[PDB]
Each structure stands twice: as structure tokens, then as C-alpha cells.
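Below is one structure, written out as C-alpha cells, with a few remarks after it.
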RNA sequence: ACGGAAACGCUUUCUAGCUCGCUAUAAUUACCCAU
RNA sequence: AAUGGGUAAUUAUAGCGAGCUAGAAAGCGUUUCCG
């Protein structure tokens, strides 16, 4: 049969993440690395390409034997979910990562917040002669919350190996809380937290009970 | 009136090589988020059907429900999709059929 | 007047072929969507017409 | 998995300042009670335009008196019977050592998140780790600083390898030392110290008009440090011995040639969170002394010795934790060395 | 007044209008005006440039009203910055800020001043 | 000035006219100019080449006025870009930008500069 | 009493698949100036 | 000495700038009127 499973989750931040864009017409002496933002609302967002990239390259150090020279070489428990372009049976893989926008923009008000993206000055310092080279980079602020909206896609080939899939996705997020969700994360910046995970079926009458107790173990 | 400059945002992306960790950038035009497109989906009713009309309305409504759960166009596993369909209503632009039951059927 | 380079657009297009799911592109040329064409249609009146002209 | 973590418990001694770039200028704070209030000066101007004192305030700012305490912002509010604050609420309690009481000028802000709480950024702590690591290893503290073009003061940034470098597998030692930020601590631990330059070949300590708002000593701040690879993983439980060796080579010169009452003992692993400290904790010190003693033919000349010692005045405070109540300075009149801190590090 | 087609040439002609060191024959035609004092003035407006592409204009009348105070305070002390405030008509141009576009045009006028000051000297 | 039949040749001759490293012959005839300095300037000429095809020339000109600001500032600090705006004259090609076709001609001139800077590497 | 008359260049077809805006980087240095 | 003050730098630096698949595929090339 055919089904669609919706992994809804919240993304809290512990440190503020910096998923970069580039603004070419940024000012002199202003934000030199701005974040990706929504053009209408001007809130920062977490693009799904960055989630699908970090989760794939962190699961590739776990679920691949004979480490991948290219993302065309993932060991087909990983290529099922993420897709190999150079493979006839797994291109257009199972997962659909939606962009997490923001949820708590009202909740950041009444905590006292001028702007939803803070600016951090960051100072290259030369370790000969102590001369400096400052930065100003945007950073989506600390207690933000984003609507993670993964969607898994069940066909007849899926049916006997869904749980082997869901033991990966649940272990993707746990791998990603132990790492940084994009940015300049070697110095803080994007230690992240996936909270209140919830897989609900949205098309096709699939039992989501024996896999929803596995997401909170 | 929402104050946006363009109608296409530009999404700056990159790829990291698995070995050697080199980044290769990308710039992708995509439409901006709360943009809206007039969708019209002309359906023909010939004398042959007589049951297939209300049978096919279910199929069209289900295929519009599956575009909201899947993506459209895009690079959909990486965002880029998530179309919503609002104000679903049908009306006979070439007459003599009753779309009362179908506009009730489109909730 | 309203800036248009060519009177035709070229629409790129493809044929994702169910699994293998390999695409197959296509370039088709269209006219553009404010082109206006000078349409004529000559109908004729005769002796046999005159009862059936209005119809 | 291979991600092995560390807790760095950072005992702040000897007050610590970080960041924020900007500064509250003079005439932007009131000293009403025994505490400094720092308004949101746009809202200050809003309420003071509502009371119709805009031209009076613009004539107050450009007008200087022979006394200082009637130029500050409390003298505007008392020469106009202004009684309420209700402004952007932020105030820090004075120590009694900023000094004529409250005639300080141009305090430097401390780095703060969007919620308005101070915190130490892990970017700023992975520079103090990185000077220790770049000073104790003999391979990085070699004849570094390739000049090769124009001005001398550049560094061979490519000596510690960090780029991706196609073909070659990605090592990048300091990608694999992830230092996270602190929890945002309280504004009550901020004390507003001022700079003091203790010279060599001159016994005086001169007060400078710097007013870094700084973390009070004896505050404990927790950092997390995740290491991923084995090579960078081994340099972090060895930060104890490398911090002690960095201090041993740093007490060898420039913490010689000074009286020992100025410097204080540490008793945990010594680190220098950065402000004030200056040019020897920020720098790898030999090529530093050459090319950095070169860089000043100005009025504010870095003089003939290695440097001028950077101290502050701050309230005296004892730990009472070891076998003895440790007085925490070895002098009277409360001179601390600016930017000194101690830490203990622990896996998981 | 400065429109979008003149605020850069006005800034160039204002930095050329600026007072120079008649003394100090070693490196003559240097200004009595350092990079630090002018980039203080640029740092006044950098945050209003950044938080105006995001915010509505009516949430910014507070700090734009305080710029009136802050530029005349910076021109109070160090009387050769006063010369730049008079020459490059900044207090005249602050009164004309009435929308987002005029605000951002003034912020880019300040960046134009800093650009032609780094270029000239 | 840029005609539509010479600007790529002007850009090639100007990239060859950039003076090079006579210092150490670890791959000599490199430039003082680095790729990132020149590529930050193409990064903002090539996002007006995109918008010019969509928007109108009377709707872009705050950006087009800021191009002169950023080229003057980047050729302030780090004189190897001042070398490029002298050899490949930009500030004189920027004053003559009154038409949208002239705007796009300047943007593709800047792209020809970066193309030949990469080619002669 | 037109080498004519009648005759849609039309049907089907996702510009799609894979791809982290990443890498390194203490807002720091210097210590004075004027009467 | 006291008093009043801060001042001078650096404002990002070095890179990557897209890569590989697909590049059209099935059908219909005349039918009827006519001898």
C-alpha cells in the first residue's frame, strides 16, 4: 500500500545557530555574515537542505562500512532514505525534509528581545603582534524553536523495512544533537535539541503506535 | 504591501565532499514563501460518463491532497515544496451541470 | 514597448520515467502570453442562407 | 561514540571582560544610589522630549564644567527635578573602587545575548585554549610568522593546518575541538572595574580611563568541549599540564621584572580569558616580543621592556576552600591582574 | 538634502572639503580627523541600518530621534569632528529621515563618507 | 567608457596590466590581488545583473549608487584592489551607467575581469 | 463549376535526481592626552 | 601634583563559485470522394 508518515518535532537551540546566507549589499561596519531568513517575515529559518546534509554526513560515519568517497556510495540503508542519484532503484529516496521556519516568535517577546537575530563580534586576532580583524555575524537567538517537519514515504517496497528506517532517523537526530546544526559550530553555534518528536500518519492508514514509543526511548 | 523586494529569493547552498571536506557553492532562485498562484483545472464532462464524473472528482481531490503532503517541482527532499491549496471551488464554465454537491464535497 | 526580447519563449521540460526515475529533457518553443493575433473569419450569405443565418 | 566531551569549570578570579564591541559613553548613566543605572537612552530621550527638555539636554551635552560630577547624567536629572527612571532597565552595583563618586567615563559593555544576560562566548574561550596549545607545542612555537611581503607583523596562518585542501584528507585539528558557550549568568556578578597600568622602571600605578564592566571574581562558569578525532582529543585532558607550562614560561618573563605582590597565585590550572591581559597571553611570545615591540612609535608607546602590567581594582574576596582562607591577592589595596582565571577540566 | 543619485558624490566632495594638516610637512594633506572618530559615527548608524530591513519604521523613531542627540554629542568633543558634521551636512540630513528608504540612504551616506575617507588618505 | 565591442578586451588587457609578485618564485607571476577581494566585488555586481533583468533601472539605483561606495571602500584598505580600479577603470565606468543595458554591460565587464583573473592564474 | 473537397501537427511526458553556505578565527591590542 | 578627559589601530582575512546523470521518447507519413 501507500502511506505518508509525518515526523513533527520542535528544534530548540542551546547555542545560537548561524545557517549562512550572503548579503552582497551589506553595509560597511555591519553584519558581514548574515543568516538565511524568510523574505516576508524576516525571521531566520532552518533550511531543509542543511538538515538533510548534516544528518546524512553524520549517519554516513555510522551506517556506512567502507567509507564513502562520494554521497553516491552510501550503503543502501542510507541511500534508501536520502537517495543516490547514481542508482536506479533509490533515486528519489524516502525522506522529504521541510524547512523549519520558527514557532516561538511570540514567546521570544515577553522575554525581552529586540530582534530575532543577534549580532556577535568575533575578532580574528593575529597571534603575532596582536592586531585584530573583527567580524559581525548574525545568529538566530538562543531559545528559538523551529518546526521540524520530516515526511517519510511508504510504498510496497517499504513495508518490511520501515522500522529499520525509523531506527535510523531517530538515531539521526540523536547524532545531530551531539553535533552542531550548521554554522560555525567549532565555537558554540548550533548545539541544538530535538524535542517532543511525534510521528503521525497523514495518508494511507498506517499504524504509528509501535514506532511512536520508539521515538521517546 | 508585505514589503518584499523581489518575488524570487536566492538560496545560497553548498555541498561538502565526504573525503577532503571541500565545499562547492550553489545559488538557486526560488519563489518567496507566502507567494500565491491562481490554479485552474478545467474538467470536461461528455455524455459517456454518467458515474465517472463523481468518481473522478474524488480522484482529483485526492490528488490535490497528495500535493500538499509531497512537494511540487522543487528540490523537494531539501525543502522547496510544500504547496497548500486554498479556496477549492468548482463551477461550470460551460453550463448545464450541478456543482452543488461537489462544492459541498470540497470542504 | 514593454520590454520583450523575442516573440517566442523556450520552455525547458522533462519526462521523469517511472522507476528507473531517470529524467528526459525537452525544449519546446512557445509564443508568449500577451501576443495578440489578427483573426478573421468570413461567413457568407446566399439564397439558402437566409432562413438559417441567425442560427 | 568517538565524540568525547569535557567539562571546563572556569573559576573566575581577577575580573574578566569580554566583548560586545560598543560602549556606554559618558553622560549615558546615572549614579543615584550606590549603583550605576544604564538606561536605554532612546527611551530616555523619549520621556525627556515628553517633558519638553530636548533643547535643554542638547545644551547640556556639549557644555563642560570645571568639575566632572556635574557633567554626568545625574546632574541633568537633578538640575531639572527629574525624578523617575522607568527606562530600559539595567543597573550594576558599584564596588567603591571606581574612583567624586560616579564621575567615571565611557564604560565598555560586556557581551550579552538577546535576552540581555551576560555570557562568555565559546569563541572567546577557544582562543585562550588555542594560545596555550600554540605556545606549549614546540612545532607551532618555532620560527613562525612569515613576513615575506611589505609589513612584518603577519603570521603564517597556514602553519596549523585548517583548510580542506583537495586530495588530502581533512584533518583540521581545531575543527575537532568544539567549545560551546556558557549558560547566561546573572547581571549581579558584574562589577565595573577600571584599568590600571603598573609600569616597570617606574614604581607608580597609573589609572587609565577604561571602565570594562567585568565578571566579579569567584564565579564558576561551565563550558562543554567536545572533541571528535583522537589527536585533538588528546590535547584537552593535557590542557592542565600545558596551561601550567604556559604559565611557567609566562611567569618566566613579564611576570618576572615586577614585584610579587601585584601577581597572585592560582592553585588551579591558569588560563587568560581575554581583555586587558594584553599581547602576551594573546600572542605566542617570542616572535611577539620582536615584531610587536616594533609596532609602536606613537605617543602611547609600548616602552623599552616587554610590557606594562595590566591590573584592576575590585573588591577583595577569599575562597576559604583550601587548608587556609586564601586571601587571593598578595598585596593590600586590591590590585588584581586583568583577565586571569583558573579552571579544572574533566572528561564527560 | 541627498537623493539616491547624489549621496556618494556629495560625500566625496565633502571629504575633499574637509580640513587638512597644514603643519606636519612629513605626509602633508593629511586630515585633522582620524579613522576612529569617523567610524564611531558609522557605528552610530550601523545598527539602524541593520535593524531597519527587519523592523517596521515606526518601531525606530526612538533611536532615530536619539541620533539627533548622539551626532551633536560626538561633534561636541573633538572639534575637528564638528568640522565634518558641518561640512558633510549630517544634522541637516537627519531631519529629512521620514521613511525606511531615506533612513537607509543616510546610513549608506555614512558608509560613503567612510569609503571616501579610507580612499583619500 | 565601455562599448559593447571592446569591454571584454579591455578587461583582458587590464588583468594583464595588473602588476605581479616579483618576490619569491614559489609559483611566480602571482598577483598581490587575491581571489576573495575581487570576488566580493563580483558578488555584488552579479546580484544586480540578476535583478536588472527582472526589475527596472529606476527601481535599482540605490544599489547602483552603492556600487561606487563599495568599490571605493574596498580599494581603500588593501591597495592591490586600488591597483585594479586604476588599471581596469571602474569608477569611470560607474559614473557612465545611465542605461540598463549600460548597467548590464558593466556587470558583464566585471565578470570578464574575474574570468581573466582566474584564467591567468 | 478553382489537382479540387473534407482533415487541429495532434496524443502521452514533473527541468527532475544527488549535494551542510561550509572550513579556520578571544572584540582585541597600545598606554597615555590636555591644563 | 591636582583637575578634566580617553585616544590610535583593525571593520572581515584565505578559499570554493557549482559537479555528475538525463539532452528528447513512443505513435501517425496519408485517408475518403474517383475509376
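Protein chains in written order, with the numbering used here: chain A, 99 to 315; chain B, 13 to 119; chain C, 31 to 85; chain D, 56 to 403; chain E, 5 to 125; chain F, 5 to 125.
Beta carbons are placed, not taken as given, at the ideal position from N, Cα and C, and that holds for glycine.
Secondary structure at residue i, three-state DSSP: helix, strand or coil?
{"i": "residue 287/A", "result": "coil"}
{"i": "residue 80/F", "result": "coil"}
{"i": "residue 165/A", "result": "coil"}
{"i": "residue 112/F", "result": "helix"}
{"i": "residue 177/D", "result": "helix"}
{"i": "residue 259/D", "result": "coil"}
{"i": "residue 171/A", "result": "helix"}
{"i": "residue 31/D", "result": "The first residue shown for chain D is 56 and the last is 403, placing residue 31/D beyond what the model contains."}
{"i": "residue 82/B", "result": "coil"}
{"i": "residue 19/B", "result": "coil"}
{"i": "residue 147/A", "result": "helix"}
{"i": "residue 118/A", "result": "strand"}
{"i": "residue 119/E", "result": "helix"}
{"i": "residue 112/D", "result": "helix"}
{"i": "residue 135/A", "result": "strand"}
{"i": "residue 67/D", "result": "strand"}
{"i": "residue 295/A", "result": "strand"}
{"i": "residue 87/E", "result": "helix"}
{"i": "residue 35/B", "result": "strand"}
At which residues does the beta strand (DSSP E) containing residue i begin and terminate?
{"i": "residue 249/A", "result": "243-252"}
{"i": "residue 278/D", "result": "274-282"}
{"i": "residue 289/D", "result": "Where residue 289/D is concerned, there is no enclosing beta strand (DSSP E), given that its DSSP letter is neither H nor E."}
{"i": "residue 13/F", "result": "No beta strand (DSSP E) holds residue 13/F; the alpha helix (DSSP H) holding it covers 11-20."}
{"i": "residue 106/A", "result": "101-111"}
{"i": "residue 232/D", "result": "232-234"}
{"i": "residue 252/D", "result": "250-253"}
Is the beta carbon of residue i less than 8 Å from the beta carbon of residue j?
{"i": "residue 339/D", "j": "residue 119/D", "result": "no"}
{"i": "residue 122/A", "j": "residue 48/F", "result": "yes"}
{"i": "residue 9/E", "j": "residue 34/F", "result": "no"}
{"i": "residue 324/D", "j": "residue 295/D", "result": "yes"}
{"i": "residue 147/A", "j": "residue 25/B", "result": "yes"}
{"i": "residue 239/A", "j": "residue 114/A", "result": "yes"}
{"i": "residue 211/D", "j": "residue 342/D", "result": "no"}
{"i": "residue 194/A", "j": "residue 266/A", "result": "no"}
Mind listing the chain E neighbours of residue i? Cutoff is C-beta to C-beta under 9 Å, in chain order.
{"i": "residue 27/F", "result": "Within 9 Å Cβ-Cβ: nothing; residue 27/F doesn't reach chain E, min ~25 Å."}
{"i": "residue 140/A", "result": "57, 58, 59"}
What does residue i touch in chain F if you count any residue whose Cβ is under 9 Å from its own?
{"i": "residue 148/A", "result": "Per Cβ cutoff of 9 Å: no residues; residue 148/A is ~21 Å from chain F at best."}
{"i": "residue 115/E", "result": "70, 73, 74, 77"}
In the DSSP assignment, find the unbroken alpha helix (DSSP H) run with residue i in it and report its ends.
{"i": "residue 54/F", "result": "52-58"}
{"i": "residue 391/D", "result": "No alpha helix (DSSP H) holds residue 391/D; the beta strand (DSSP E) holding it covers 390-392."}
{"i": "residue 197/A", "result": "Counting along the chain, residue 197/A falls outside any alpha helix (DSSP H), and DSSP gives it neither H nor E."}
{"i": "residue 236/A", "result": "Here residue 236/A belongs to no alpha helix (DSSP H); instead the beta strand (DSSP E) covers 234-238."}
{"i": "residue 8/E", "result": "Run containing residue 8/E: none; DSSP gives neither H nor E here."}
{"i": "residue 367/D", "result": "First-last for residue 367/D: 364-368, but that is the beta strand (DSSP E), not the alpha helix (DSSP H)."}
Can you pull the chain B residues whose beta carbon is under 9 Å from the beta carbon of residue i, in chain order?
{"i": "residue 219/D", "result": "28, 29, 32, 33, 34, 35"}
So which residues on chain A does residue i lean against when the C-beta distance must stay under 7 Å?
{"i": "residue 50/E", "result": "125, 127, 128"}
Show which residues of chain D have a CB atom less than 8 Å away from the CB atom of residue i.
{"i": "residue 77/E", "result": "80, 82, 116, 117"}
{"i": "residue 218/A", "result": "166, 176, 178"}
So which residues on chain A does residue i lean against when the C-beta distance must stay under 8 Å?
{"i": "residue 67/E", "result": "Under the 8 Å cutoff, chain A gives no residues; its nearest Cβ is about 10 Å from residue 67/E."}
{"i": "residue 43/E", "result": "127"}
Along chain F, which residues have their Cβ under 8 Å away from the Cβ of residue i?
{"i": "residue 118/E", "result": "77"}
{"i": "residue 120/A", "result": "47"}
Mind pulling the chain B residues with CB within less than 8 Å of residue i?
{"i": "residue 60/F", "result": "In chain order: nothing, as chain B lies at least about 12 Å away."}
I want to verify the contact list: residues of chain D whose CB lies under 7 Å from the CB of residue i, in sequence order.
{"i": "residue 40/E", "result": "Those do not exist, as residue 40/E stays about 13 Å from chain D at its closest Cβ, beyond 7 Å."}
{"i": "residue 196/A", "result": "Neighbours of residue 196/A on chain D: none; closest Cβ ~26 Å, over 7 Å."}
Listing by chain order, which chain E residues have their CB less than 7 Å from the CB of residue i?
{"i": "residue 81/F", "result": "122"}
What residues from chain C crowd round residue i, counting only those whose CB sits closer than 9 Å?
{"i": "residue 186/A", "result": "49, 50, 51, 52"}
Whole alpha helix (DSSP H) runs in the region 321-354 of chain D with 4 or more residues, listed along the chain?
Assignment of alpha helix (DSSP H) within the region 321-354 of chain D, counting only whole runs of 4 or more residues, yields 340-349 in chain order.
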